[PDB]
Structure formats: C-alpha cells, structure tokens
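Residue numbers (this note's numbering), protein chains in the order written: chain V, 28 to 284; chain C, 28 to 284; chain G, 17 to 136; chain A, 28 to 284. Built from N, CA and C at the ideal position, the CB exists for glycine as well. Written out below as structure tokens is the structure these notes cover.
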Amino acid sequence: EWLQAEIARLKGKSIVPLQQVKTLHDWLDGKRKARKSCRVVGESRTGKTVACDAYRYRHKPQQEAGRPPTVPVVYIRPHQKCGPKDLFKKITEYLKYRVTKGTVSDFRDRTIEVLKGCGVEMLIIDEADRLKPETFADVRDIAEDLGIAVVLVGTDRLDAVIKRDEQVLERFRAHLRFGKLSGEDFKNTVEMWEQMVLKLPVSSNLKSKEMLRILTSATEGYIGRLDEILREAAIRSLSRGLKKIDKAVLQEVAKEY
Amino acid sequence: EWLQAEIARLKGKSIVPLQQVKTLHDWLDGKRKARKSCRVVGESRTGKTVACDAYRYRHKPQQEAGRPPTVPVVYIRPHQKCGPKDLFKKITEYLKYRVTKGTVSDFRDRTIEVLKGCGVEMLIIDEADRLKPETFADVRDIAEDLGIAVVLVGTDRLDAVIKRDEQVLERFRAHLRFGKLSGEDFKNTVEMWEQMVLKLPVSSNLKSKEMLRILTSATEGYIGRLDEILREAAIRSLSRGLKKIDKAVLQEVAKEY
Amino acid sequence: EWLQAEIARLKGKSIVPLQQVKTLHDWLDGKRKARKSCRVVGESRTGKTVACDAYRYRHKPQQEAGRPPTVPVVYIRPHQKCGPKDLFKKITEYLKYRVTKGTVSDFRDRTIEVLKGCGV
Amino acid sequence: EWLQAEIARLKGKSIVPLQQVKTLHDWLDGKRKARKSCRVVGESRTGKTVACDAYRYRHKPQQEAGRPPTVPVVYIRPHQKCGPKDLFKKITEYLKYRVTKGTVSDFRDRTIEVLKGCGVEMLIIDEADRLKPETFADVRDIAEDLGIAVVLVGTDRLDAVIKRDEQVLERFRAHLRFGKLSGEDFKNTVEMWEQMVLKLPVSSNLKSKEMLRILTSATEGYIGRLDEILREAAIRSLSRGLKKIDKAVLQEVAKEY
DNA sequence: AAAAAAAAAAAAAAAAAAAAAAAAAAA
DNA sequence: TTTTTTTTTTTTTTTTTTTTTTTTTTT
Ligand SMILES: Nc1ncnc2c1ncn2[C@@H]1O[C@H](COP(=O)(O)OP(=O)(O)O)[C@@H](O)[C@H]1O
Ligand SMILES: Nc1ncnc2c1ncn2[C@@H]1O[C@H](COP(=O)(O)OP(=O)(O)O)[C@@H](O)[C@H]1O
Ligand SMILES: Nc1ncnc2c1ncn2[C@@H]1O[C@H](COP(=O)(O)OP(=O)(O)O)[C@@H](O)[C@H]1O
Ligand SMILES: Nc1ncnc2c1ncn2[C@@H]1O[C@H](COP(=O)(O)OP(=O)(O)O)[C@@H](O)[C@H]1O
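The following block contains the structure:
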C-alpha cells in the first residue's frame, strides 16, 4: 500500500530552512570565531533546539590522522536539577571518552583534560533553565580557564536565574532573542513548510484567507504547533481518501487541541 | 594572510603597566618583607588577578646551587568549595613535588614539609570567598606556624566571609582596595591602550568626546570591558580593510556586547 | 682561579662520539620506522645507557600547535623488581599526565589512553 | 610519491582465505547451531586470532528489529590476570550497555541480563590462556545458566589450567588443533601470498626451489613469521628501486629477523 | 487581610580500617 | 617442602549541608 509508505514518511521529522535559523547560525559563528561566551533566549515551541542542533551537523568533528578527534562544537542537554558532577559526566560522555570512576575533583580535572585535547571551541548547552544554581560557577570557571565559548540557550527563566549572580550576568551579557511568526512571515512559512514537507498529490489551498485564519488561530506563531497540526491533518486526510488537506479536516484537528 | 596575523596579535593577551598594578606590587613587597598577612578586596573586571600574576612574574625563582630550588612566592586559585585536602594538594602541585595516597593529617604534614623546605616568603590565594571555613582555619594555621605571609585576594564579600571568625579579623586587619577608572585616569589609560596594545596602523583618537562617550558609557569604568571592546573593534575594523576604527564600527561593538 | 674552573669542569660529564653510538642510532631509526621491537645486549660500564639517552635527544617532541604534545620516543628507567602498576606509573608520569588512583586495570586503561594520545 | 603509496599499502594488513580458516569457520557454525561449548588449541603465530575475527565479521549485529541490537556473536580479549569483574565488564561494554558500578554480584546479574536480552548464540574468548582460573568457573556458570556456547581460543597453556578442575574439563571436551604449514600446503600458501600481498610489476618467483628453501628455513611453518619477512623484503627492494625480490635481498632480510 | 519568622523529610557527597584470600618468593 | 613475605584484591562505619513544605503566629 502506497498510503502506508506515505503515513510512515509523514510520521518522521524533517528540517525546513528558515531565516531566523540562518540568523542564529551566522551570529553563533561570529561568536565562535571571537571565542566570546553568550546566551540565547526564546519561547517554547519556537524550534531553538532544532537550530542549535542543525548548526552542529555542519561542523561535525572529522579526524583523518592517528591523533584523537578534534571537535569544534560540543552539545549537551542536562537533566532536571543537573548538578556539577552530572554535567561533567555528560561532557565526557559526548566525546566518547571512558568516564573515570571517582570524585568530583577527579571529574573536573578529567573534563579539563578531554576539553584541552580536542578543539571544542564552542559548547552549546540546551535547557539551561534546568541547570542547578551551583553549577553556573563551574560553567564560567571553564569559560575563563580555557578560551572556549559557552552558549546558554533558555527561556525567560534563564534570564531570571542569571540575573541573580553578578559574575554570570557579566560573562553572558551579549545575547540573541527569538521571535514568533506573524503576517507575511507566517504565511510564507506555511507555504514553504508545506512545499518542503508535504508531497500530497494535490495542493492544499493554504493561501486562502480562511485556512490562514484558522491556522493562525490554532498556531499563535509557534512553529512547534504548526508542524504537528499540519502533519496530523495530512495523515488523517490521506487516511480518509483525501489527497489534499481539507478545510473540515483542519477544523477537526484544531478542535481536538 | 597578513590581516589574520594582525588579528591573532589582537586576540592574544598582554599586560600594560598601570598605576594600580604598581601600587599593589609596592604594597606586597613591603608586606612580604614584614612577613605580615593581609587582604586585597575589589570588584569584578578590575584586573586584580592580572596584577597578582604580574607580581609573581617579577620574582623568578633562581637556583645558584645544587640544593633544591627555592620558591619565594606561591600563587593558588582554589576551586568551588575548596576543602582542606584540596588546598594542600594545590600547594604541593604548585611546587614540584608529589603526594602519595594518604590521610588529611598526612597531607598537612607533607605540605608543611615542602613549605619548610621551600622559601615561600609570601603566599597569595585568589578567590578567598569560595574557601570552606575549615580551610580558612587551616590557612591561619599555616600563617601562624611558619614564617610565611598570606594574602587573601577577594571581592566585596571578603569582609563578610571573615566576619564570622574573630581570629582572622585579628590577623588580617590590614587591607588594600582596588577601585574603578574615572575622569582623567580613564582617558589617559585609553590613549595608552590605543598606542600600547592595539596594532591599529593609523590612530583613531579614542580620547575625543565623540569616541569617549561610547567607551565610557558601555564600559562603566571596568578595565576588562574596555580592553575587550577595543580589541574586538580593532579586529572588526582590520577585517573590513580599515587602517583606522570608524565611529560606526566602534558603536556596533558596544551594543552587541 | 683558573685551576678551580678547569677542575670543576673535569668533575662533570661529557660525551665522546663513537662508532658504537652511531651504529645504534641508525639501527634504532630503522626499527622505529618499521615499528618493530628488539633487544640491546651488552656488558656494564660500556655506556649503552648513554647511547640510548643520546638517541632520545635527536628526536624532540613538538608542541608548536595548540594540541597535546606528540613526543615520538619515550625513555624510562624502572627500579629494582618494578611491578606492572609502577611501570604504568612511570609511563604516565613521563608524559606529564595525572595518575588516577585504583587497581592495575585502571592504570592499564589510563596508560593505553595516554599512549594513544601521544605519538609514542 | 607513488612509491610511498605502494609502501603504505605493503605496510598494511590484509586477509587471505585458506582452507584452515574455512575449516574453523564451518566447525564454529556447527558448534553455534548445536549450542555446545568447546575449545580451540593452536600454536603461536598461526593466525587463529585473525580467523576468529573474520568469523565474527561474517555475522554482523542484526538491528533489523526495532528495540535491541540482537547481536548473536560476541568476541572479547581479556587482559593478563583477568579477574571476574573485568570479564563481566568487557562483556557488558561490548554490547553498548553502561556499567552499573557496584560489587561483582551486581556485575554478574547485569551481565546475565544483557546476555539474555541480546541473542548471544556464541561467546568467543581470545587468548584465554591468561584468564584466571577463578573466572573459568564463572564462564562455565554462564554457559550452564544461559543457552550459550563458549569457545576458548588458547594454546598449550589452556589445558594446563583446565585440567586443574574436574568440572571444567567435561564442558570443553571437543577440541580442534590449529598448527603450522608444511610441504605442498606451504608452497601453495606462499604463491597465494606472493600474488595477493605483492601486487608487483615484476614477479619475484617465490614459487621456486631456492626462494622456498630460504623462506622455509626462516619461517618454520609459521605464517606470522612469514608476514614480516615477505612484506619487508618487498618494501626494501622497492625503496632501493628493485621491482622484485632478488635472492640476496631475501637472505639479508631473513638474517635480520 | 498579607508579608515575614519557625519543625519534619529527602537526597547527595567522602574517607579510613580491617580482614581474607591468593600468588610469588627464598633456603 | 616449609615457611615467609609481600601484594593485591575485595569487602566494610561516621559527618554535614541543602532545599522544600507546612503550621502558627505577629503585623
Ligand atoms: N526548522 C524546523 N524545521 C522543521 N520542523 C521544525 C523546525 N523547528 C521546529 N520544528 C518542529 O518543532 C519541534 C521542535 O521544537 P523544539 O525543539 O521543542 O523547540 P524548543 O526546544 O526551542 O522549545 C519539532 O517537533 C519540529 O517538528
Ligand atoms: N594591566 C592590564 N593589562 C592588560 N589587560 C588587562 C589589565 N588588567 C586587566 N586587563 C584585562 O582584564 C581581564 C582580566 O580581568 P580578571 O582576570 O577577571 O581580573 P579580576 O579577577 O580581578 O576581575 C583580562 O582579560 C585583560 O584583558
Ligand atoms: N660515550 C661516552 N662518552 C664519555 N663518557 C662515557 C660514554 N659512555 C659512558 N661514559 C661514562 O660511563 C658512565 C656511564 O656508563 P653507564 O651508562 O653506567 O653504562 P651501562 O649503564 O651500560 O653500564 C658515565 O659516568 C660516563 O662518564
Ligand atoms: N589469513 C591471514 N590473512 C592475512 N594475514 C594473516 C593470516 N593469518 C595470519 N596472518 C598474519 O599473522 C598475524 C596474526 O597472528 P596472530 O593473530 O598473532 O596469531 P596468534 O595470536 O594465534 O599467535 C598477522 O600479523 C597477520 O599478518
């Protein structure tokens, strides 16, 4: 069944180029060449993790000689209430280096060693709100001991937590802020996203004022909502024998959430 | 590329002789001759750590005999929540010795042994606030047992840390303060920074009011912010093919950082 | 005094180039390029230790780049009845790395990692 | 340099199919289907290690199912004086499962769990002659509690340890010899060797009376001994400029080793 | 009414001894 | 062989701080 193949294909995830993504990539590349630490602030379901992650694929570490890998960008997602030891362990795990059983001071020394051996000019920390207040001192300690840029990606809680300590705030003053979709930006994004993700036999008439209206009402500018809504509508539309997404199907999916 | 060589020179660190650095150096020489302990208190981005390093560099340990080399000055920066054993390890790692597996009492003894063997006319400890209270007791123990002076570099909170212990208040009464740059001092230094650090082929006249307002407003009298801004502005200007920093280039960095 | 200077010089150390040393050095370069193990056999007070020590200085480590140093030749002198743990300690300390505490297996893993990092 | 490229090729490692290797592979497949433990005894420098490794390469991990890797064959190389903890830990790490730090009882249970989750039809221990006698009992316990066939790859030292326990000798009765080459087998192997490893613009005529006599005197039926000889003679000849191995060069190489 | 001072409950991090068993060694 | 002798290897009791939550008080 061809429909089965399309269902399986849609149930996946794909990357669709966007302007804000390119802006973030260029800004972060500038910071990486300057070795200047910074932070990034945005709302949930805006796709900032996808931008931080898509950037790292381009700069994947490649080593041809017998010497160990030289990695320029390392990327870790801390768990809830991640402490100092837990964070160091993740840095070591990402570099495919054997964790040494021992104490926290041993973890600190080992982390400095593995980071000194490789490049690791830029470190992208996601979900920085979850980071425990005790650990930020270690983060900036690393940023000062070695010339490595540190990027703290978080929401408004990141702002709130950072502004409580003077040194951390001084270290991470420069920043980039994400926005939401609206107007022509939103319409162009919907058109581009459907052309990039949907290969349905017939057009969905997305440009129509009414479809844009209901998608705006259900989306509110959050790409993390538009992607899910349109993918579910597509799977359901194809499942009922409709090659294209239809107005009633859109209304149904929007009503469920 | 020649521009890349100039940029690499701008990225590298250097030290400019300044009024505050010389003041601290003369004070420290007096204290070590008196063998008296004291404190150094200042704000962030004031360059007091750099001044300590510049002091250490002048007193090079020269051995003119077969007997072990003698170190007159020791410098340590403890890690977060440094305990007694960690500090003793730092002392014995700074000096060219090793410590075998053993107890805290053994570490105390080995540290005292190498401290007696070495000269250690003065001991400088950065970031005093991080030290644990028991570690403070041990620092005082060393200062009282051996003819060695102890300098506790600290921020505004150093007084608060030492207010919970009457004994350190009794022995560390003398103190020196670091301040900020304002008025004529800031302007004089700025001219010196343009001529002594930057590789700018053509002078940009930073002391002029048009370019003074920007530097002064963003910097707020902190040395670190100023040097950061100037190095970055020079790098950006040379990358653009300029032999002199333009007004727009100087203004962009301030807002970005 | 002239005499004291000459006497102090005489009581020091010096090296006389010999055909034995050059022979050893050519042979060792061959073995190093071929990555083959071998033996050096000789009586005491013949200075074979000095010849090997001199071989070491010809190929010095390069740390011009920011990366860890890549010393191609390591030279150690085990003490009497040296156990395996202590041999690993010698290797790790020579290359200027911290020796993690633990069992002989931990030292073994640490030493292999360091030996892969450097040229050796 | 083209010559250096050919030399780099000659300094590499290749694999050549021999009847000895195919015999071992068929025998091992039989034992794995039968789920019966056994052992292989063969002299040093025979290449049995390489034959077992090639066998492992024949059956790659089967991730075709959605949840676990389902690797049917594992292969571990114990270190000298391998204890039970190190053995269990190597087995665990080979299956990409984290080590649950604890006591040897925890390692035992964890290893059993990961061996049950994966297929693990057969387990191969390379150079088992340095496996501690305490741990052979653990190996037998694994072979009994789980439907796993265990193959021991060791030489003459295996049996002098196995015969120290009545229980272990019953498990590994099926034995296969793995010895040297001689006569027509040796001559055929040499010609195959001269064709596969010495892609050479000029035949060295190794399949001849005197060349075979030299190689036999130096080789004594050991392929491992022969490897260095032939590869190194080819490299030396090509470095000097000779397109093939002259008899004098071969004799010189043999004298060196 | 609505901010400011007060008893349980979880959770994380670190040496310092002691015993036993095995393996190698020396006359 | 008898004993020594060490050498690992593996298996075991005390000390301290930090949140959160909640209930009474006062103002
Ligand atoms: N550039 C993009 N291309 C395609 N889908 C995207 C993109 N950015 C976000 N998405 C969708 O949004 C989700 C990712 O958003 P998320 O990483 O949760 O945002 P954040 O982590 O910044 O809160 C994914 O499920 C994906 O489908
Ligand atoms: N005398 C100096 N010469 C050059 N640069 C200086 C000097 N003093 C401070 N700086 C700048 O300030 C930074 C050092 O500040 P820092 O080490 O944080 O001192 P502190 O710990 O006292 O704040 C350096 O990056 C350096 O560029
Ligand atoms: N090539 C040499 N030139 C000068 N003196 C030498 C040379 N080789 C050895 N010696 C002398 O011999 C001593 C070193 O010999 P040593 O290294 O003990 O030999 P081995 O260790 O092989 O017994 C030194 O004290 C040195 O004076
Ligand atoms: N079938 C083969 N193909 C290629 N090389 C082989 C083969 N058999 C043996 N060799 C050579 O012999 C060596 C393998 O010997 P090894 O695995 O050490 O035997 P063991 O460890 O059983 O003594 C390798 O260096 C390899 O070059």
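Counting along the chain, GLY69(A) sits inside the beta strand (DSSP E) bounded by residues 65-69. Within chain V, the C-beta atoms nearer than 8 Å to that of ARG83(G) come from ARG94, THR97, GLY144, in chain order.
Linking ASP165(C) to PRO88(C) through their CA atoms gives a straight-line distance of about 26 Å. Counting along the chain, no alpha helix (DSSP H) covers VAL101(V); the unbroken beta strand (DSSP E) around it starts and ends at 100-103. Taking every protein chain shown into account, the CB of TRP43(G) has fewer than 16 other CB atoms within 10 angstroms, so this residue is exposed. Using beta-carbon distances, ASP172(A) does not count as an interface residue toward chain G, since no partner is under 7 Å. Within chain G, the residues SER121 have their CB atoms less than 7 Å from the CB of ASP113(A), given in chain order.
Runs of the beta strand (DSSP E) spanning 3 or more residues and lying entirely within the stretch 142-174 of chain V occur at 149-152, in chain order.
Between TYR110(G) and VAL130(G), the C-beta gap is not smaller than 7 Å, which leaves the two residues out of contact. In the DSSP annotation of this structure, the continuous segment of the beta strand (DSSP E) that includes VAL177(C) starts and ends at 176-181.
By the C-beta criterion, the stretch 62-74 of chain G is judged to be in contact with the stretch 87-103 of chain G, since at least 3 inter-stretch pairs fall below 8 Å. For the options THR138(A), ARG137(A), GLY144(A), the alpha carbon positioned closest to that of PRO96(A) is the one of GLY144(A).
Between the alpha carbons of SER231(A) and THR246(A) lies a gap of roughly 18 Å. Residues are counted here when their Cβ sits less than 7 Å from a Cβ of chain C; for the stretch 43-55 of chain V the count is zero.
The beta carbon of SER64(V) is closer than 7 Å to those of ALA170, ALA176, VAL177, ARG198, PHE199 in its chain, skipping five residues each way along the sequence. For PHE104(G), the enclosing alpha helix (DSSP H) begins and ends at 100-110. For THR246(V), the CB stays at least 6 Å from every heavy atom of ligand 1.
Listed along chain A, no residue sits closer than 8 Å to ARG126(G) by beta-carbon distance, the nearest being about 13 Å off.
The shortest C-alpha to C-alpha distance from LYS64(G) to any of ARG83(G), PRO33(G), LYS97(G) is the one to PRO33(G). Residues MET238, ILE241, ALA260 of the same chain have their beta carbon placed closer than 7 Å to that of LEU277(A), with the five preceding and five following residues left out of the count.
Beta-bridge pairing by DSSP links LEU203(A) to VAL67(A). Listed by position along chain V, the residues whose Cβ is nearer than 7 Å to that of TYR284(C) are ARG200, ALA201. Residue nearest to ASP113(A) within the set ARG135(A), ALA92(A), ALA32(A) is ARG135(A) (criterion: CA-CA distance).
Contact annotation, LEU269(V) with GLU221(V): C-beta distance approximately 15 Å; criterion of less than 8 Å not satisfied. In summary, the residues of the stretch 119-130 of chain V whose CB is separated from some CB of chain G by less than 9 Å are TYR124, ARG125, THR127, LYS128, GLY129, in the order they occur in the chain. According to DSSP, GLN78(G) shares a beta bridge with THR86(G). Put simply, the residues with a CB less than 6 Å from any heavy atom of ligand 4 are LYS40(A), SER41(A), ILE42(A), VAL43(A), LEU45(A), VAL48(A), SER71(A), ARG72(A), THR73(A), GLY74(A), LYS75(A), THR76(A), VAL77(A), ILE250(A), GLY251(A), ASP254(A), in chain order. Using a Cβ distance threshold of 7 Å, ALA155(A) and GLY181(A) count as a contacting pair. With a minimum length of 4 residues, the unbroken runs of alpha helix (DSSP H) contained wholly in the stretch 206-248 of chain C fall at 211-223, 236-246. For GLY268(A), the secondary structure class from DSSP, reduced to helix, strand or coil, is coil. Contacts with chain V (Cβ-Cβ distance below 9 Å) from the stretch 232-261 of chain C involve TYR249, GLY251, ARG252, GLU255, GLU259, listed in chain order. Closest in C-alpha terms to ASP56(C), from the list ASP212(C), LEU150(C), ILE34(C), comes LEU150(C). Look at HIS52(A) here: in three-state DSSP terms it is helix.
By the beta-carbon neighbour count (other beta carbons within 10 angstroms, threshold 16), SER71(C) is exposed.
In the three-state DSSP reduction, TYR124(A) falls in the coil class, being neither helix nor strand.
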